[PDB]
């Protein structure tokens with residue numbers, strides 16, 4: 001047995017277990033719960049009060065609730081990861097034993113948010129760093145103790161770099177000769193030409 | 023099999039290469055594998071052996087990787103659990119030539135084994151150990167806050183195998199707690215050993 | 001109705017003050033909803049939003065140019081002589097605001113553009129050396145100088161230096177060479 | 120696209136060739152396997168400023184350049200990686216220079253001078295308690 | 016305490032920045048090189064405005080006057 | 001096995017039979033409330049005036065009772081051994097039964113708190129990965145260099161740490177092989193006997 | 001690939017039969033490669049007795065031009081068709097075009113290994129080890145009776161200050177999670193080979 005939403009793998013045993021906990025809700029409130037988890041995946045927060053308020057239908061204990069939110073998050077994220085359509089998802093959740101009405105409901109919510117999910121999942125994909133901003137000042141040097149008249153421009157750069165979302169940017173500040181600045185700008189333009197050939 | 027339920031791909035690759043390999047070259051390679059297990063840097067000596075045998079680096083890598091895995095998995099087994107007859111039988115199922123099996127068996131069971139065991143036991147450590155422990159015992163006679171104190175304390179200094187070092191002072195009420203804790207753990211190590219010998223050894 | 005229609009000059013002066021504090025002094029938490037509710041609670045937020053954007057974009061341009069009165073009033077006049085433009089009275093409020101704030105805004109932009117250390121203070125004393133552990137009798141004076149340095153938004157460092165009467169005069173002549181460099185450059189146009 | 124299809128096909132066949140070779144213990148890796156499996160050392164890009172002969176040189180500057188006192192340009196750096204980085208950045212600057241108003245320039249320098257003149261023209291415990299109570 | 020090994024200065028104009036097209040203000044930048052205990056030498060740099068230089072220079076002229084009449 | 005109550009610990013607990021069991025039930029409530037949230041000495045002077053005893057009498061009795069529950073939960077002492085421990089104190093069956101229930105009601109929650117005190121080793125939190133191919137550098141313009149970028153998230157002392165790392169393909173196949181052999185050990189007959197017999 | 005006017009004039013002088021005979025062209029060209037690739041900074045690399053008649057300002061200028069073109073051609077993976085095109089532009093004759101290609105082909109692999117060794121990279125994981133323990137007691141809690149894994153990664157990079165081993169602990173669930181992530185990563189390499 002192998003499944004597309006599992007990534008061409010057999011289903012995890014904890015997923016196959018907790019799919020039987022989904023069958024314990026009404027189909028009408030399984031669909032409402034999907035909307036709450038899917039909102040969180042879209043970055044719109046999560047309403048634990050509503051999740052607990054509706055799952056009282058099935059008299060879930062908090063271990064049931066934890067396992068239910070975890071498995072819905074896995075199914076929806078992993079279908080979107082592999083670009084699985086709701087038609088495939090419905091058919092192959094049924095193979096795992098989810099009731100056909102519960103399968104339906106669950107996939108008509110995926111079908112509505114499939115496209116914005118994948119745009120968010122690309123934004124969340126692993127980054128080492130992010131360039132948050134650039135600042136610069138250009139100076140002109142007139143004279144020095146070390147050279148009686150200089151008359152050369154000089155550049156200062158400050159680069160704001162973010163290591164993780166929700167964190168203040170680190171400034172990288174440095175000073176450059178106008179020769180060093182010229183070669184840096186010319187090299188970045190060559191890199192950009194290669195980048196544009198890929199996408 | 024000591025190699026587990028499914029044969030590692032590097033071992034299967036190596037075992038088919040052995041049919042083409044001169045026993046002189048096999049025994050030269052085996053010394054490098056064994057000495058690497060003892061922690062000796064061999065990279066330059068392996069390269070010289072490569073050009074000497076006319077082995078391309080793609081085949082050196084396959085041979086060395088397969089020999090390392092076989093010896094690693096055998097040498098991690100106690101002598102109660104792998105023994106010369108069953109080791110020799112299992113290696114023949116890989117179709118390794120019998121003369122090379124004898125060389126491999128001499129490494130696992132011969133006089134090389136005690137030094138390998140010593141190196142393998144060093145790898146169970148994960149946290150640092152005490153490298154040194156020094157103290158002085160002092161009595162305070164007077165202090166800014168007391169014309170007469172007369173209070174003892176222990177100044178302690180630890181060096182750990184991590185290369186870290188700590189110097190700190192211990193109140194005598196805190197020394198009593200430390201001494202109690204250490205004697206208690208020693209009782210409970212000895213109790214655990216007696217559980218093991220009477221239930222896990224049979 | 002929109003805030004652009006209203007001629008509340010003090011409310012508009014407050015808006016420009018808040019806009020300058022956010023834009024140039026960098027005070028956090030300044031936001032459209034706060035300015036609407038205090039300054040113009042009768043203006044709908046959607047109507048206030050373009051006036052905020054218009055005043056912000058104009059003010060950013062003025063500060064980057066560092067406009068003189070001819071530039072400032074010509075630019076603002078062109079803003080008056082357009083569809084949905086500001087009134088001449090609003091421009092007059094902006095001009096009065098800009099007169100005082102121009103000094104403060106300019107200096108703030110200098111600090112924002114500086115990320116080397118700056119001189120925060122200089123302090124000095126002169127002592128008579130008299131005796132030491134070994135030298136039973138000393139008399140030569142010495143100057144002790146404390147130099148306070150820091151980067152913008154960071155804690156100050158203090159550097160303390162000690163100078164004899166000779167090194168005091170070596171440094172003093174070095175500073176006189178800086179002044180004579182300046183005096184030449186400004187006299188060269190003669 | 121054909122060009123990106125050729126790239127991805129080249130990528131995939133490189134990953135095959137790397138997966139096909141087992142991991143080898145670091146103390147056994149010959150220099151090829153040190154590169155593939157990451158135990159070789161790369162060297163940073165570090166550039167040193169070179170002196171180059173000038174054909175238009177005349178007089179005493181030429182007499183220097185015509186002599187053993189001016190070393191052959193790549194040999195002016197001891198290390199080949201720094202030697203490579205030095206020639207690369209030297210040639211890069213030459214391209215920037217050769218690929219790059242007098243009234244406008246004089247005007248700007250006079251504008252800067254007026255600002256300099258206008259700027260200058262402004263010149264025109292029990293211990294502390296014991297001290298406080300009994301030794302202060 | 017610390018001792019000056021060397022003193023260097025440069026005079027420049029700040030011409031333009033990304034936030035302010037016409038900065039056009041002069042500064043003096045000073046580099047101090049100081050020797051620590053056991054002769055460890057380090058550098059510190061700071062900028063002064065032109066008014067700050069005039070004050071800095073003015074006070075060293077006071078030090079030179081008192082140091083003679085101490 | 002049994003609790004060895006010290007003579008001072010016994011002397012503190014001797015306050016319990018001096019008052020009605022309904023007050024001891026209140027001592028039980030406030031005792032576990034202190035374990036749950038933290039102690040608040042301001043109540044001791046209140047109960048003192050209500051009971052006509054010193055505040056230290058209330059404090060000693062209640063803090064002694066908390067220690068009885070804590071040591072029982074630490075040992076996981078049986079109901080039979082608990083009674084054999086408590087009957088060294090002389091008080092009557094009603095109080096003995098009250099204490100036994102107060103223990104069994106709370107031992108599982110207390111043991112959760114007691115598990116937080118252990119030596120604080122660093123531990124796994126999460127892992128992210130990215131498959132990168134390097135295609136050009138400043139020095140050399142056409143390449144294929146595949147690598148797996150890894151971001152490892154760890155806990156210690158409740159503080160998250162992250163490390164960014166790299167592997168080649170063949171090393172990643174080695175990493176999985178070794179840590180699959182790790183998981184296989186718990187299925188071997190040796191480790192099965194330990195779990196079976198050391199209990 | 002772009003080349004400054006300084007480099008192009010150096011090649012225009014190598015193209016002369018007058019300035020350089022076919023012998024001197026070969027000796028200077030070999031000296032160019034040697035000075036790039038040899039670890040010895042041989043300051044006498046240009047002191048060949050057959051080069052001694054050339055003006056030392058011109059000789060040292062054409063030597064740096066050659067070496068600069070070699071590095072630019074190497075970086076841009078220049079094929080013989082590219083090399084031959086640019087040389088004929090500089091008015092080279094068919095004999096010297098053959099000579100330049102012969103020397104370049106002989107050295108190509110050494111040059112590409114050099115150019116590829118320059119850079120910085122992340123810390124590279126090289127090995128892993130594990131311990132399995134059964135947890136018995138704490139001074140605050142008896143009957144813990146749970147397995148834990150103690151994992152160490154060996155990293156081997158010096159491009160930035162670093163410590164060579166990363167140690168952390170896993171429960172059974174945490175190690176099973178970790179292994180699943182690494183096998184998910186490994187399954188993606190397999191997919192990429194299908195490209």
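Residue numbers (the entry's author numbering), protein chains in the order written: chain D, 1 to 199; chain E, 23 to 224; chain A, 1 to 190; chain L, 120 to 219, 241 to 264, 291 to 302; chain F, 16 to 85; chain B, 1 to 199; chain C, 1 to 195. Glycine residues also receive a C-beta, built at the ideal position from the N, C-alpha and C atoms.
Beta strand (DSSP E) containing residue 120 of chain A: first to last residue?
118 to 128
What's the gap between the Cα of residue 120 of chain D and the Cα of residue 46 of chain D?
16 Å
Spell out whether any CB of chain L is found under 7 Å from the CB atom of residue 192 of chain D.
no
Let me know if residue 6 of chain D comes out buried or exposed under the rule of 16 or more other beta-carbons within 10 Å of its beta-carbon.
buried
Would you mind giving the Cβ-Cβ distance between residue 62 of chain F and residue 114 of chain A, rounded to the nearest angstrom? I have them listed as a contact below 8 Å.
7 Å
Could you have a look at residue 13 of chain B and say whether DSSP puts it in helix, strand or coil?
helix
What do you get for residue 124 of chain D, buried or exposed, if any count of 16 or more other CB atoms within 10 angstroms of its CB means buried?
exposed
Give the straight-line distance between the Cα atoms of residue 32 of chain E and residue 181 of chain B, rounded to the nearest whole angstrom.
15 Å
Take the Cβ of residue 80 of chain F as the centre, count every other Cβ of all protein chains shown within 10 Å, and call the residue buried at 16 or more, exposed below.
exposed
The region 34 to 41 of chain F / the region 191 to 204 of chain E touching (three or more Cβ pairs under 8 Å):
no
Determine, for residue 125 of chain L, whether the minimum Cβ-Cβ distance to residues of chain C falls below 7 Å.
no
Report, in whole angstroms, the separation of the C-beta atoms of residue 174 of chain E and residue 91 of chain E, which I expect to be a contact under 8 Å.
No, residue 174 of chain E and residue 91 of chain E are not in contact; Cβ-Cβ is about 59 Å, not under 8 Å.
7 Å Cβ shell around residue 171 of chain C - same chain, five flanking residues per side excluded
148
By the DSSP assignment, the alpha helix (DSSP H) with residue 8 of chain A in it spans what residues?
Counting along the chain, residue 8 of chain A falls outside any alpha helix (DSSP H), and DSSP gives it neither H nor E.
Using three-state DSSP, classify residue 165 of chain A as helix, strand or coil.
helix
Any chain B beta carbon closer than 7 Å to residue 260 of chain L
no
How is the beta strand (DSSP E) around residue 237 of chain E delimited, first residue to last?
This structure cannot speak to residue 237 of chain E, because chain E is shown only from 23 to 224.
Chain L partners of residue 185 of chain A, CB-CB under 7 Å?
253 and 256
Determine, using beta carbons only, whether residue 87 of chain E comes closer than 7 Å to chain L.
yes
Nearest residue (CA-CA) to residue 23 of chain F, options F:17, F:45 and F:34
F:45
Boundaries (first-last residue) of the beta strand (DSSP E) holding residue 77 of chain D
Residue 77 of chain D -> not in any beta strand (DSSP E); alpha helix (DSSP H) instead, spanning 62 to 81.
Using a cut-off of 9 Å between C-beta atoms, extract the partners of residue 298 of chain L located in chain E.
Those do not exist, as residue 298 of chain L stays about 16 Å from chain E at its closest Cβ, beyond 9 Å.
Could you pull out every unbroken beta strand (DSSP E) segment of at least 3 residues lying fully inside the region 97 to 145 of chain C, listed in chain order?
125 to 135
By the 10 Å Cβ neighbour count, where 16 or more other Cβ atoms means buried, how is residue 222 of chain E classified, buried or exposed?
exposed
Please report the residue range of the alpha helix (DSSP H) in which residue 196 of chain E lies.
194 to 221
Backbone secondary structure at residue 82 of chain F - three-state DSSP
helix
What separation, rounded to the nearest whole angstrom, lies between the Cα atoms of residue 17 of chain D and residue 23 of chain D?
11 Å
Excluding the 5 residues preceding and the 5 following residue 74 of chain C in the sequence, name in chain order all residues of the same chain whose CB lies nearer than 7 Å to its CB.
111, 112 and 115
Since I believe residue 166 of chain C is in contact with residue 155 of chain C (beta carbons under 8 Å), could you give me their beta-carbon distance rounded to a whole number of angstroms?
7 Å
With a Cβ-Cβ cutoff of 7 Å, do residue 142 of chain E and residue 84 of chain E count as a contact?
no
Is the region 57 to 73 of chain B touching the region 8 to 16 of chain B, taking contact as three or more C-beta pairs under 8 Å?
yes
Is there at least one Cβ from chain E nearer than 7 Å to residue 131 of chain C's Cβ?
yes
Starting from the beta carbon of residue 182 of chain A, find every residue of chain L whose beta carbon is closer than 8 Å, and list them in chain order.
256 and 260
With a cut-off of 8 Å on the beta carbons, I'd call residue 117 of chain D and residue 161 of chain D a contact; round off their distance for me.
Rounded, the Cβ-Cβ distance is 28 Å, inconsistent with contact.
Take residue 48 of chain C and list the residues in its own chain whose beta-carbon comes closer than 8 Å to its own, dropping the five residues that flank it on each side.
27 and 31
DSSP three-state label for residue 143 of chain D, please.
strand
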